[PDB]
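Remarks on the structure that follows.
All Cβ positions, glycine included, derive from the backbone under ideal geometry; neighbour counts span all protein chains shown. Computed from the coordinates by the stated procedures, all read-outs in this text should not be read as laboratory data.
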Amino acid sequence: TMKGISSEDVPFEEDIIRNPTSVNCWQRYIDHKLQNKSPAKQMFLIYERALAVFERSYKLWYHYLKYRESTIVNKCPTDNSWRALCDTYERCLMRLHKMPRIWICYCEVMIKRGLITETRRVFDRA
Amino acid sequence: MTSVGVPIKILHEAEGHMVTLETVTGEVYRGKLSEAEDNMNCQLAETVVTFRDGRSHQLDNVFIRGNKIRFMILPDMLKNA
Amino acid sequence: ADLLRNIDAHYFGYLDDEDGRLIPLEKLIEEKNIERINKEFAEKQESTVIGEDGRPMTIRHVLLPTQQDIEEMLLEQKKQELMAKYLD
Amino acid sequence: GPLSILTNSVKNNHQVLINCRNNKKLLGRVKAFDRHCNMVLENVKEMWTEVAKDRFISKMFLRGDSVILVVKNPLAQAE
Amino acid sequence: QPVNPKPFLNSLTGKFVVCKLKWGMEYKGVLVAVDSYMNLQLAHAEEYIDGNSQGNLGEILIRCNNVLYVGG
Amino acid sequence: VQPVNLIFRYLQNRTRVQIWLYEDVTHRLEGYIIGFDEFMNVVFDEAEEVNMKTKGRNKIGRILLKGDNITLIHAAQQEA
Amino acid sequence: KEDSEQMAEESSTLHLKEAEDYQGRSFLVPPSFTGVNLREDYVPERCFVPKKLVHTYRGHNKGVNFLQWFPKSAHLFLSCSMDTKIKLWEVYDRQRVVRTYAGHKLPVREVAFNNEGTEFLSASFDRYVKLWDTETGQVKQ
Amino acid sequence: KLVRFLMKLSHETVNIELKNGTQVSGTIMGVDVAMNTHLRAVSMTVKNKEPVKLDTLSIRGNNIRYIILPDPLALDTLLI
Amino acid sequence: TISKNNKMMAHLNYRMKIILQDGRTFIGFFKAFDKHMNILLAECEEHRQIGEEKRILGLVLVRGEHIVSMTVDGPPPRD
Amino acid sequence: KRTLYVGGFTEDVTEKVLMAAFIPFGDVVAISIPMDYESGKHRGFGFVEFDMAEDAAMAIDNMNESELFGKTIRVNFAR
Amino acid sequence: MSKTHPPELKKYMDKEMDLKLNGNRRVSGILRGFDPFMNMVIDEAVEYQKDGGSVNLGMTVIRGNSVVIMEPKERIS
Amino acid sequence: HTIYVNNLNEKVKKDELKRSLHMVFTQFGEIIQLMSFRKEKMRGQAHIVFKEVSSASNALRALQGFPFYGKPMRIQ
Amino acid sequence: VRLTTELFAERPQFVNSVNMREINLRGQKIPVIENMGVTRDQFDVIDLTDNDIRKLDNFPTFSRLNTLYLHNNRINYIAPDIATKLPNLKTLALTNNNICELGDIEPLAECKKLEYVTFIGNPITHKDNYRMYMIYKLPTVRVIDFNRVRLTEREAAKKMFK
């Protein structure tokens, strides 16, 4: 389901509404969960929500992209979940296209998929 | 150039806060740290020692030699990284 | 430095893609890698736009609740537990 | 030097009898050398009181930092 | 004037000395040894503990760290 | 002041000093000194060892004591 | 010049600001701004190849013409100039400032400390030796 | 050279003894010279404690009192 | 894991358990490595046997000298 | 390593602009820009301290010579 | 690379301090000694015994590796 | 901020004196700096340091003549 | 001003003349004691003198806390469970407050390890049986209101209440 709240994110989710403009409020929200190994679909949502407010924050994009790669690592690189990771890099680059680390990681992700024909094109863009 | 000392860089980050350490004699120390050395010799400003039974004592300064000791615990603030 | 006088339209690849015969060869090596990773693993909205390099790409925009869709969900939740704690 | 004993003992294919700081004794043939006297032990018998217990070990490797004291038995028979 | 241990040992070398280990065991042995770790080697050694003889020993290997005595 | 120069002052006056040993050891030594090096090796002479198990004393003549085994050195006093 | 002439003429002046740091201890004998040995032996090890110049010590208007070392250390050195001034300098790869001593009508030629080290005597072509207290920075003989 | 034995010693199953009278049995899987000990398919037997099984184990080799080696291992070729 | 750089990187994103010289056992994540075996241990809990006891701890850096035994288990973490 | 020297930026670049340019490669916790008192402007250089040396390496390797306002900014190891 | 120098021992020297020895023996002494080997020289020192009375320690030499434990009585300013 | 104190009651223990005055002075203000001794010549005297001149006068007037351990203390 | 978590960071945390660890919260307009838990009992001494604290309650559980100073506050109520919160409290000085009843000492009396107290300036000194009641209720206490207890007063006190 797309809806649901718990006693242990009531505080953090409320804190973000009174403090709409501090990244650290999402970090306090994220970080305790990070300790608490818990469903990735929740974590992806909390990251994409944070990355909707603070779309130029490299830290959240870098940690989110590496987290998507981290949890998808158990799926074979042929899988569509690795395609979705690449589509997240394209959305990240719409803000952070001047940070080589995002481009470097994106290229390494294309290499891990084993593709060639447009792995080259990602390199040409970079 | 220099390229060495990653725990020492963390140890430098650990400076100024409170640390916990244990000694070969078996008792535990809690102290605020601002001293580091390549030979692991260290000195603590403000220190408390507590035994595993019920005895505790306060020490204002303690110096530690890096080669006849048990290891120290670094502050939580390092989780900033 | 002295590389800057040597960077040009060829360096950025504006003058290297009229040929296109590379793609069939790349496809051949690409599929063998796909089988190779499969074999190694065997033992273990949308939109469409002209992309940066002129070639069509797809963008998978996320659809997600905004704060107004979720500050009200937690509101109803917290009122229930407060009244429950007052009676019990 | 002290190696003289090692070399002549080793060269004459002798065994060494070893006694530990507390509980155990060892008997062995040698094939290792360094300034720290690291040893490799062969045809090893281990006996210690936890009743008498006996265990046989074919091959053993002993590091020179956990160092123990050696006793010689020349009337004992060779292999 | 005082003397360094190595020339001092030279006067002592070949003579009869008393030994004791940090663990509390005593030994008597003939000694010829020079090395960077300052180890000791004893030959055809007769063993005493608390001044009473236990056994006559043969060749023995002992690390320098546990031994700390030499005198007669 | 430093130990090597002070040892020169002890040996020049032949002061009697007490030495203790580290780790798992229980012995006390009372002795005069005549030895020197930068490595703080010690030549011990006219010495007496106290047995803490019995508080008895034995007299000892001229022994060498390796500096790494040595803990503290100080001018001896009576114990009973 | 004589005592009455030299005092009004301000032949010696004080300009140091760091006269103390964390404690009211002396600054000449101990190298208080260092962690190295406060007193040093004559020979640590077998000699090695030299390396590099630290700095030119630019600021002064004239030449330098004698050097002397401080007892039991190489951190601090004393210098004599044809400019009739005497100055101290720190040598262990450091560029901090030290206090100026001056009082000679003609160039200084040679300097010797007294064996206690808190005073030094200086020989000059003006045919006088004057007695300075290094900590005080004043003359009275 | 002795360094070759520590690096070459691998894949066989060994019994290990630790200073606290403790026994360990584990098979080795590692390729390095610095004596770093990594074990796989391990059984653990602490002194005065029941045996337990471990999927993987790593031990500081300097702490190990002595290692017991399997019967067919011709140690002579690894030491050279 | 120990010392070797490449082993350290492979073992990351695993739960890791430590047993020390005083018999207490610790479990902690790590994403740090010194080839002389110094690591930073985070989110740790210790267990004590008298009886049995558990304590909550602060974050730790560990010196290889004390570690007797280490083993790796558990599900992957976040990030 | 964790301390960077930053150089080559234009007169438009304030401390927050560098903050916006350097947190791309790790956590930045302070930036300082020494200002020249005679001109009333900065000397075109500033220092950055990172919490991690690895982040500072991903910040030298990927900011050194990077373009800010069209000028190649230089980022380097403070000697 | 670069390494580091010894600490600023001069800031703490000549104060009066207590020293601790293995086996829970206590010594109280004034300290004035330093060397690259980090040995220590103590003077005017007194020992407090666990199984007896007290004895006075006259100008003491200590090998640096063995003991270095201090509790000071004068607060640093 | 330095005063000389004499003729104090001899029964107060060293820590007890330190503790007793610490509770006395902390109520008057944020002043904590004292050194007291109990040896034969040292007895009946202590050294105390004040944070500020204004707090010292109020404390001094209150402590001047305050009965402590059955004796009225005096300050100079 | 409020005793929020940020106030504890900004205010001085310092070691006092008896080598104990102290945090300064003096005079911070505190009306009710709260948020002390962020300290997590890491301080040996808490100093709250000169504040506007109206009641002695709401303390978190502290075991390291040896001495507490609360002089000149506005305390008019003491929580009965204070002994469970501060069982190891050895010194508690409440000088110049307005504590009015012996009943207020009963929560303080449950703190079985309390040894030194001061109540000068409180109205309770005028109350009947003020002096004798403390002797009966607090036999472990060594010093009261900068005054000692005589051995004969316990005999006299026991004679009165028996």
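Key figures
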{"read-out": "Elements of type strands (runs of 3 or more DSSP E) contained in chain B, each with 1 or more residues being in contact with a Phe, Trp or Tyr (Cβ under 6 Å, 6 or more places away or on another chain) and surrounded by 19 or more Cβ atoms within 10 Å (Cβ to Cβ)", "value": "B:18-22, B:42-50"}
{"read-out": "Residue count, segment G:1-60 (criterion: among the hydroxyl-bearing types (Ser, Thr, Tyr), surrounded by fewer than 10 Cβ atoms within 10 Å (Cβ to Cβ) and within 20 Å of the chain's Cα centre (by Cα))", "value": "1"}
{"read-out": "Single condition C:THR66 does not satisfy, out of (1) closer than 30 Å to A:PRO20 by Cα; (2) more than 11 Å from chain A (Cβ to nearest Cβ)", "value": "(2)"}
{"read-out": "Residue within segment H:34-52 that is assigned to a helix (DSSP H, G or I) and within 29 Å of D:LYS31 (Cβ to Cβ) present", "value": "no"}
{"read-out": "Selected residue (only one of E:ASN39, E:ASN65 is more than 10 Å from chain F (Cβ to nearest Cβ), of a type in the set (S, T, N, Q) and in contact with a helix residue (DSSP H, G or I) (Cβ under 9 Å, 6 or more places away or on another chain))", "value": "E:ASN39"}
{"read-out": "Selection count, segment M:1-37, where residues are within 14 Å of another protein chain (Cβ to nearest Cβ) and hydrophobic (A, V, I, L, M, F, W, C)", "value": "7"}
{"read-out": "Enumerated strands (runs of 3 or more DSSP E) restricted to segment E:13-62, each holding at least 1 residues that are closer than 27 Å to F:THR26 by Cβ, more than 10 Å from the chain's Cα centre (by Cα) and not hydrophobic (A, V, I, L, M, F, W, C)", "value": "E:40-49, E:52-56"}
{"read-out": "Residue list for segment G:21-51, restricted to those being of a type in the set (A, V, I, L, M) and within 11 Å of K:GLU8 (Cβ to Cβ)", "value": "G:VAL36, G:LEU38"}
{"read-out": "From M:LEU70, M:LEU108, residue being away from chain L (no Cβ under 14 Å), closer than 27 Å to B:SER56 by Cβ and buried (at least 19 other Cβ atoms within 10 Å of the Cβ)", "value": "M:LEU108"}
{"read-out": "Elements of type strands (runs of 3 or more DSSP E) contained in segment K:20-77, each with 2 or more residues being touching an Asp or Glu at 6+ places or on another chain (Cβ under 6 Å) and more than 19 Å from F:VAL1 (Cβ to Cβ)", "value": "K:70-72"}
{"read-out": "Qualifying residue in segment J:36-50 (condition: within 14 Å of chain A (Cβ to nearest Cβ) and buried (at least 19 other Cβ atoms within 10 Å of the Cβ))", "value": "yes"}
{"read-out": "Total residues in segment I:66-79, condition among the acidic types (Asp, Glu) and facing chain B (nearest Cβ under 7 Å)", "value": "0"}
{"read-out": "Qualifying residue in segment J:34-47 (condition: outside any strand (DSSP E or B) and touching a helix residue (DSSP H, G or I) at 6+ places or on another chain (Cβ under 8 Å))", "value": "no"}
{"read-out": "Tabulated pairs, segment M:41-68, first at positive phi, second assigned to a loop (DSSP other than H, G, I, E, B) and aliphatic (A, V, I, L, M), C-beta under 6 angstrom, 6+ apart or interchain", "value": "M:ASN58/M:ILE33"}
{"read-out": "Test: residue in segment F:47-56 that is more than 14 Å from the chain's Cα centre (by Cα), among the basic types (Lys, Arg), more than 9 Å from chain E (Cβ to nearest Cβ) and surrounded by fewer than 17 Cβ atoms within 10 Å (Cβ to Cβ)", "value": "yes"}
{"read-out": "Exclusive hit being aromatic (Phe, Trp, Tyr), within 19 Å of G:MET7 (Cα to Cα) and assigned to a loop (DSSP other than H, G, I, E, B), set G:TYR101, G:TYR128, G:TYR92", "value": "G:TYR128"}
{"read-out": "Number of the condition not met by B:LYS32 [criteria: (1) facing chain I (nearest Cβ under 9 Å); (2) among the basic types (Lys, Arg); (3) touching an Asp or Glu at 6+ places or on another chain (Cβ under 6 Å)]", "value": "(1)"}
{"read-out": "Qualifying residue in segment A:57-74 (condition: within 26 Å of C:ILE37 (Cα to Cα), of a type in the set (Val, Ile, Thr), facing chain C (nearest Cβ under 9 Å) and under 12 Å from the mean Cα position of the chain (by Cα))", "value": "no"}
{"read-out": "Segment H:19-33, residues that are within 24 Å of D:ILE68 (Cβ to Cβ), within 10 Å of another protein chain (Cβ to nearest Cβ) and of a type outside the set (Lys, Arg)", "value": "H:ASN20, H:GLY21, H:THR22, H:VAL24"}
{"read-out": "Subset of segment K:25-77 (residues that are among the charged types (D, E, K, R) and either more than 7 Å from every other protein chain (Cβ to nearest Cβ) or within 30 Å of M:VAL18 (Cβ to Cβ) (or both))", "value": "K:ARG25, K:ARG26, K:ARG32, K:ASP43, K:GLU44, K:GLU47, K:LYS50, K:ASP51, K:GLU71, K:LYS73, K:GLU74, K:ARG75"}
{"read-out": "Selected residue (criterion: farthest from I:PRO76 (Cα to Cα)) from residues of segment I:25-36 that are surrounded by fewer than 18 Cβ atoms within 10 Å (Cβ to Cβ) and within 11 Å of chain B (Cβ to nearest Cβ)", "value": "I:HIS36"}
{"read-out": "Subset of segment I:52-79 (residues that are at positive phi and of a type outside the set (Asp, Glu))", "value": "I:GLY74"}
{"read-out": "Filter pass, H:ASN63 being on the phi > 0 side of the Ramachandran plot, among the polar types (S, T, N, Q) and either crowded, with 19+ Cβ neighbours inside 10 Å or out of contact with any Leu (no Cβ under 7 Å at 6 or more places or on another chain) (or both)", "value": "no"}
{"read-out": "Any chance F:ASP37 is at the interface with another protein chain (Cβ under 9 Å from one of its Cβ atoms), over 26 Å from K:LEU19 (Cα atoms) and acidic (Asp, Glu)", "value": "yes"}
{"read-out": "Yes/no for J:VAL48 being under 29 Å from B:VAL6 (Cα atoms) and β-branched (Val, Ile, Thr)", "value": "yes"}
{"read-out": "Residues (away from every other protein chain (no Cβ under 14 Å), closer than 13 Å to M:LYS29 by Cβ and surrounded by 19 or more Cβ atoms within 10 Å (Cβ to Cβ)) located in segment M:45-67", "value": "M:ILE53"}
{"read-out": "Verdict on J:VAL75 being surrounded by 12 or more Cβ atoms within 10 Å (Cβ to Cβ), in a strand (DSSP E or B), away from chain A (no Cβ under 14 Å) and not acidic (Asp, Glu)", "value": "no"}
{"read-out": "Hits in segment A:9-43 - residues which are more than 9 Å from every other protein chain (Cβ to nearest Cβ) and of a type in the set (A, V, I, L, M, F, W, C)", "value": "A:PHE12, A:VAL23, A:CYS25, A:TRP26"}
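Residues checked against (1) at positive phi; (2) within 14 Å of chain L (Cβ to nearest Cβ):
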| residue | (1), (2) |
| --- | --- |
| M:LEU102 | no, no |
| M:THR118 | no, yes |
| M:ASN122 | no, yes |
| M:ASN129 | yes, no |
| M:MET134 | no, no |
| M:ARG150 | no, yes |
| M:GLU153 | no, no |
| M:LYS159 | no, no |
